[PDB]
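S.K.: Encoded as C-alpha cells, here's the structure I'll be asking about.
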Amino acid sequence: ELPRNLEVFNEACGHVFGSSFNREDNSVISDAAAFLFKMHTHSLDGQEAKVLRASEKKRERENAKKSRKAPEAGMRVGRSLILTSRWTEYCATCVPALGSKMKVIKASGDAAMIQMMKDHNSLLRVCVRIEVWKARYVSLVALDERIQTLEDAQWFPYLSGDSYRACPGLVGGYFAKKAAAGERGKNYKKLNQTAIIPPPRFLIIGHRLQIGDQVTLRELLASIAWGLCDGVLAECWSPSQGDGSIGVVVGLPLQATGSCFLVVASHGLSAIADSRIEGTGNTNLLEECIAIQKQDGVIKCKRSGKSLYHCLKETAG
Amino acid sequence: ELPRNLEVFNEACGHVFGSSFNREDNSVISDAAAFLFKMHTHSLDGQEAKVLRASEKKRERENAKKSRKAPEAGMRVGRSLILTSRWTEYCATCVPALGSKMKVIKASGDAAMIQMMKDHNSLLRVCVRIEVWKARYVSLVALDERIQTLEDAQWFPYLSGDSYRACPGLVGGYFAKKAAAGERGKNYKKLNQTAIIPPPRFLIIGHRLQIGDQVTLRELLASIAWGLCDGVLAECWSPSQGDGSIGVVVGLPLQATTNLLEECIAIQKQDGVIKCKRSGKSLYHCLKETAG
Amino acid sequence: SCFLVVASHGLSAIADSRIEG
DNA sequence: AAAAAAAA
DNA sequence: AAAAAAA
Numbered sequence: 034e035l036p037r038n039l040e041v042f043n044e045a046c047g048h049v050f051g052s053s054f055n056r057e058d059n060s061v062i063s064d065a066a067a068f069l070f071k072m073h074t075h076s077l078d079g080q081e082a083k084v085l086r087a088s089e090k091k092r093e094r095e096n097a098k099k100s101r102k103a104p105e106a107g108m109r110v111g112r113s114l115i116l117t118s119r120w121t122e123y124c125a126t127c128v129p130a131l132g133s134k135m136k137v138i139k140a141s142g143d144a145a146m147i148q149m150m151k152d153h154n155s156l157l158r159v160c161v162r163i164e165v166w167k168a169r170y171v172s173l174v175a176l177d178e179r180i181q182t183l184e185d186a187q188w189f190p191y192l193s194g195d196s197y198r199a200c201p202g203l204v205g206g207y208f209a210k211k212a213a214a215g216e217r218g219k220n221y222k223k224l225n226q227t228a229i230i231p232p233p234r235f236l237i238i239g240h241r242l243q244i245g246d247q248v249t250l251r252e253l254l255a256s257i258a259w260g261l262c263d264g265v266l267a268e269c270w271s272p273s274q275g276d277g278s279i280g281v282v283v284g285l286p287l288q289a290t291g292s293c294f295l296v297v298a299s300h301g302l303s304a305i306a307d308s309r310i311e312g313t314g315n316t317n318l319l320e321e322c323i324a325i326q327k328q329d330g331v332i333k334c335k336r337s338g339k340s341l342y343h344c345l346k347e348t349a350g
Numbered sequence: 034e035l036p037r038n039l040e041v042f043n044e045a046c047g048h049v050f051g052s053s054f055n056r057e058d059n060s061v062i063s064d065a066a067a068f069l070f071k072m073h074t075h076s077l078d079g080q081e082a083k084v085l086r087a088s089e090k091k092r093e094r095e096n097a098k099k100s101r102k103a104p105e106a107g108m109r110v111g112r113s114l115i116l117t118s119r120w121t122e123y124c125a126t127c128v129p130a131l132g133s134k135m136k137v138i139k140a141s142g143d144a145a146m147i148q149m150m151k152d153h154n155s156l157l158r159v160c161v162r163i164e165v166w167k168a169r170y171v172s173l174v175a176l177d178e179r180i181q182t183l184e185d186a187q188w189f190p191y192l193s194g195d196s197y198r199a200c201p202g203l204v205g206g207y208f209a210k211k212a213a214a215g216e217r218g219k220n221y222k223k224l225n226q227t228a229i230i231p232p233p234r235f236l237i238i239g240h241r242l243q244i245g246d247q248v249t250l251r252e253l254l255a256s257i258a259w260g261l262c263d264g265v266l267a268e269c270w271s272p273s274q275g276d277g278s279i280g281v282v283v284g285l286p287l288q289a290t316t317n318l319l320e321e322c323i324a325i326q327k328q329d330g331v332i333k334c335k336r337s338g339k340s341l342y343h344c345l346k347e348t349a350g
Numbered sequence: 292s293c294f295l296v297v298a299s300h301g302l303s304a305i306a307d308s309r310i311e312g
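Chains as they are written, first to last, in full-length UniProt numbering: chain A, 34 to 350; chain B, 34 to 290, 316 to 350; chain C, 292 to 312.
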C-alpha cells in the first residue's frame, strides 16, 4: 500500500503522537516531522552528548542537554501535537544509538538492526523533505533576514548539517556552500532549489503532485518554488468554484532542474557563458518565458518580473 | 583482417562474456568495455589491493575489495552481459600482475609476457576510447553535476586516473586539469573535447565514421561532440525515409582536433566544405527543446 | 523588504525588480 | 521529480 | 601510428 519510507514515517508519528497527530494538516505534519528529526538526530534533552571531536564550547552545550530532563509525556509540541506516554519506548527502541553506522550494522549481520537503520535513514530523508517544504512555505510570506543579495539567495534553504546529509540535493546553506566550494567528487549533488516536493499531507500518503490536485495557492507555490522565485509560477494555480480557500492545479513548471545555458568553444566557435543574456544587446529580462506543462499541452508564459513574495503580498492587500 | 588493437578487444570480450556479448549494441559494448577496463586496472572484487601508497581510508577500501567475493559465472554485468566460466582463466593469464612495468618485461625478453603487456595496453586504450564516447553520449541528455561554468565545462569528460593515463588527449577531468595547470613536458597531450570517436559498434570492427553510414542522431552527436557543444552540429545528421530514430551522416565538422551569433562552422559534405551558421544553443538545450 | 528575483525555471536573476528597464 | 556509501 | 608513464 505504501513504500517503506512512508510506512515508517506513519508508524513513527502514530506511535509518538497517539491520536493527536492530524494526517491532513500540513502544519501539524511539519511539526511532527521536525520533532521526529530532532529525536532521531539526538538533539532532544536527555540524549547522548556529541563529544567525538567537539570543541569545549560545544561540549558545554552537549553536557547541558544531556543533564537536562527529557521531555515528559503529555508535553505540548507545536500547536496541536501531544506526546504520548509511550514515546520514550519508541525513542529507546527505534532510534539508533549515537554514532551508529550502516557498515557496522551490516557486519553484525542482524537483519532486525539493519532494518532499523534503514528505517532511520528513510525517516530522516522524509523528515528533511518536509523540512525543506516548510522552509519554502514560511519563506512565501516571511522574508529571511539573512538573504540580502542574490549570492545569499543562491543557498536557500539554510538548514542544519543533518538536513544536508539526508538530502544534499535539496538542502542548501552553509554545508551546501562548503560542498560547492570544496572538491567535487562523483557523488556531488547540486542544490536543486526549485525541485518539486509534494505538500506534507501528500508526501506522507505517497500521492505525487500532478494536475488536478485540490491544493491551496500557498502550498502549491511552496511545493514548486519559494518566496523569491518569480511570480509567473502563480499561473500554475486556479481558484475553484466560489473562490473559497482551496483551488486546483492547472499545470506544472518545466525545467524545474538541470538548466544549463553554456555553449563551450568548439570547431572554431567562441564560448558563451549564458545563452539567454548573449543575444545582441537586448538584455530585456521581462520578455523571458517559462514553459508550463498543462493537461492540454505546454504553453510559454511571459514572466511577471516580480518576486512570488511580493505578488502574494500585493494580492493580499 | 582487423588490427591487433581491435582483435585483442574482441577476443577478450568473447572469452569473458560468451554469447551474451552483442556486437551491434552501443550500450552493451560500452558495458563490456567498462567491465574489461575495471578488470585490467585491478578494480574488481577479489583482485590485488592498491596498497603501495594508499592512505588509511584508501587502504581499508582496497583491503575490503580484496576480501570481497569476486564475480562468479552467471553474474549480470549491466543489462545483457553474463560472465562465463572462462573469465577467471582470462583474468589470470591475460591481465598483467599488479604494478607490472613494460620496461622490466622488455628487459626480461620473454616474448609471451611482452605480447601480453602490449595487448593489455592496447586493450586499455580501446576501452578508454569507448568510455569517452559513452560519456559524451550520456552528456547529450544529462549533464554532469560538476559542470556549472565554462571553467568547469572546459575539462569534460571527467574520467578516472587510469582513463587519463591511457588516452591523455581524449580524457579530461581532474588529471587533465592537473597536467594543464602545472609544469609541462615535451610528451604532453592537449585535451581534444571534439576528437572524432566512432561509435563503439563501429570502433570494435575498425569502420571509420564517414558520410553515408546509418547512425542515430544521438550516436553521431556523441561521436563528433558532446552535450554543451553548439547545436549547429546537428546539421551533420539527416533522418531517413520515415525517420524511425535512424538516419545518415551528411557531413563531419572540420577543425575538430551580432557577430558572435554570426560565427559559422565548416562541414565537409560529399560535394565539398560548406559554412553553416551557428545556432547559439548547446546541443543539450536543443535536444531538450526538440524532444516535444 | 527585498526585491530580488532568483533565477529559476530558465529565467534570469534580477538584482532589483524596480530598477529593471 | 531505486539502492549502496557518508561534520563550522 | 610507434616510443615513454596518483585525490
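Each residue gets a CB set at the ideal place from its N, CA and C atoms; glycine is no exception.
In terms of residues, what are the limits of the alpha helix (DSSP H) holding residue 344 of chain B?
M.R.: It spans 341-348 - the alpha helix (DSSP H) in which residue 344 of chain B sits, taken as one unbroken run.
S.K.: Within 8 angstroms, do at least three Cβ pairs link the stretch 145-163 of chain A to the stretch 103-111 of chain A?
M.R.: In short, these stretches do not touch, since the Cβ pair count stays below three.
S.K.: When the Cα of residue 38 of chain B is compared with those of B/115, B/161, B/283, which residue comes out closest?
M.R.: Of the listed residues, the one whose Cα sits closest to residue 38 of chain B is B/161.
S.K.: Measure from the C-beta of residue 305 of chain C to each C-beta in chain A and report whether the shortest distance is under 9 angstroms.
M.R.: Yes, because at least one Cβ of chain A sits closer than 9 angstroms to the Cβ of residue 305 of chain C.
S.K.: Considering only the beta carbon of each residue, do residue 271 of chain A and residue 249 of chain A sit closer than 9 angstroms?
M.R.: Against a cut-off of 9 angstroms, the Cβ pair of residue 249 of chain A and residue 271 of chain A comes out as no contact.
S.K.: List, from N- to C-terminal side, the beta strand (DSSP E) runs of 3 residues or more that fit wholly inside the stretch 124-210 of chain B.
M.R.: The stretch 124-210 of chain B contains no whole beta strand (DSSP E) run of 3 or more residues.
S.K.: Is residue 64 of chain B helix, strand or coil when you go by DSSP?
M.R.: Residue 64 of chain B: helix per DSSP, three-state reduction.
S.K.: Along the chain, where does the alpha helix (DSSP H) that runs through residue 47 of chain B open and close?
M.R.: Residue 47 of chain B -> alpha helix (DSSP H) spans 37-50.
S.K.: Between residue 347 of chain A and chain C, is there a C-beta pair that is closer than 9 angstroms?
M.R.: It does not; no Cβ of chain C falls within 9 angstroms.
S.K.: Determine the chain B residues that contact residue 313 of chain A at a beta-carbon separation under 9 angstroms, and present them in chain order.
M.R.: By Cβ distance, chain B contributes 316, 318, 319.
S.K.: Keeping to the same chain, check which residues put their C-beta closer than 7 angstroms to that of residue 339 of chain B; ignore five residues upstream and five downstream.
M.R.: Cβ within range, chain order: 264.
S.K.: Counting beta carbon pairs with one atom in the stretch 109-125 of chain A and one in the stretch 37-57 of chain A, are three or more of them shorter than 8 angstroms?
M.R.: The stretch 37-57 of chain A vs the stretch 109-125 of chain A: in contact.
S.K.: From the DSSP output, in three-state form, read off residue 304 of chain A for me.
M.R.: Note: residue 304 of chain A maps to coil in three-state DSSP.
S.K.: Which same chain residues end up closer than 7 angstroms to residue 345 of chain B when comparing Cβ atoms and leaving out the 5 residues on each side of it in sequence?
M.R.: Excluding positions up to five away in sequence, the list reads 173, 174.
S.K.: Measure from the C-beta of residue 107 of chain A to each C-beta in chain B and report whether the shortest distance is under 9 angstroms.
M.R.: It does not: the Cβ of residue 107 of chain A has no partner Cβ on chain B nearer than 9 angstroms.
S.K.: Looking only at DSSP bridge pairs, what is residue 324 of chain B linked to?
M.R.: Note: residue 324 of chain B sits in a beta bridge opposite B/333.
S.K.: Taking just the CA atoms, how far does residue 222 of chain A sit from residue 342 of chain A?
M.R.: Cα to Cα, residue 342 of chain A sits roughly 28 angstroms from residue 222 of chain A.
S.K.: Using 10 angstroms around the beta-carbon of residue 313 of chain A, count the other beta-carbons present and answer buried if the total reaches 16, otherwise exposed.
M.R.: Label assigned to residue 313 of chain A: exposed.
S.K.: Which word fits residue 72 of chain B, buried or exposed, when buried means at least 16 other C-beta atoms lie within 10 angstroms of its C-beta?
M.R.: Under this definition residue 72 of chain B is a buried residue.
S.K.: Under the three-state reduction of DSSP, which class applies to residue 101 of chain B: helix, strand or coil?
M.R.: Note: residue 101 of chain B maps to coil in three-state DSSP.
S.K.: Given a cut-off of 9 angstroms, decide if residue 288 of chain A and residue 324 of chain A are closer than it, judged by their beta-carbon atoms.
M.R.: Taking 9 angstroms as the Cβ cut-off, residue 324 of chain A and residue 288 of chain A qualify as a contacting pair.
S.K.: Can you give me the C-alpha to C-alpha distance between residue 116 of chain A and residue 54 of chain A, rounded to a whole angstrom?
M.R.: Taking the straight line joining both Cα atoms gives about 10 angstroms.
S.K.: Just to confirm, are residue 165 of chain B and residue 196 of chain B a CB contact at a threshold of 9 angstroms?
M.R.: Contact: yes.
S.K.: What is the DSSP secondary structure of residue 224 of chain B, reduced to helix, strand or coil?
M.R.: Note: residue 224 of chain B maps to coil in three-state DSSP.
S.K.: DSSP on residue 292 of chain A, reduced to helix/strand/coil?
M.R.: Coil.
S.K.: Note down, in chain order, every chain A residue with its Cβ under 7 angstroms from the Cβ of residue 262 of chain B.
M.R.: Correct list: 297, 299.
S.K.: Check the Cβ of residue 141 of chain A against every Cβ in chain B and list those closer than 9 angstroms, keeping chain order.
M.R.: The premise fails here: residue 141 of chain A is roughly 16 angstroms from chain B at the closest Cβ pair, so nothing lies under 9 angstroms.
S.K.: Within a Cβ cutoff of 6 angstroms, which residues of the same chain sit near residue 331 of chain A, ignoring the five residues on either side of it in sequence?
M.R.: Contacts found: 324.
S.K.: Are residue 232 of chain A and residue 224 of chain A touching if we call contact CB-CB under 9 angstroms?
M.R.: No; because the gap between Cβ atoms is not below 9 angstroms, this pair is not in contact.
S.K.: Spell out the partners DSSP gives residue 276 of chain A in its beta bridges.
M.R.: Residue 276 of chain A pairs with A/273.
S.K.: Which value, in whole angstroms, describes the spacing of the CA atoms of residue 335 of chain A and residue 318 of chain A?
M.R.: So the alpha carbons of these two residues sit roughly 10 angstroms apart.
S.K.: Put residue 282 of chain A into one of helix, strand or coil per three-state DSSP.
M.R.: Strand at residue 282 of chain A.
S.K.: Looking only at its chain, what residues have a beta carbon closer than 7 angstroms to the beta carbon of residue 326 of chain B, apart from the 5 residues adjacent to it on each side?
M.R.: Here the set comprises 284, 285, 287.
S.K.: Please confirm if residue 206 of chain A has its CB atom under 9 angstroms from at least one CB of chain B.
M.R.: Chain B contact via Cβ: absent.
S.K.: Please list, in chain order, the residues of the stretch 218-232 of chain A that have any C-beta partner in chain C closer than 9 angstroms.
M.R.: Flagged, chain order: 226, 227.
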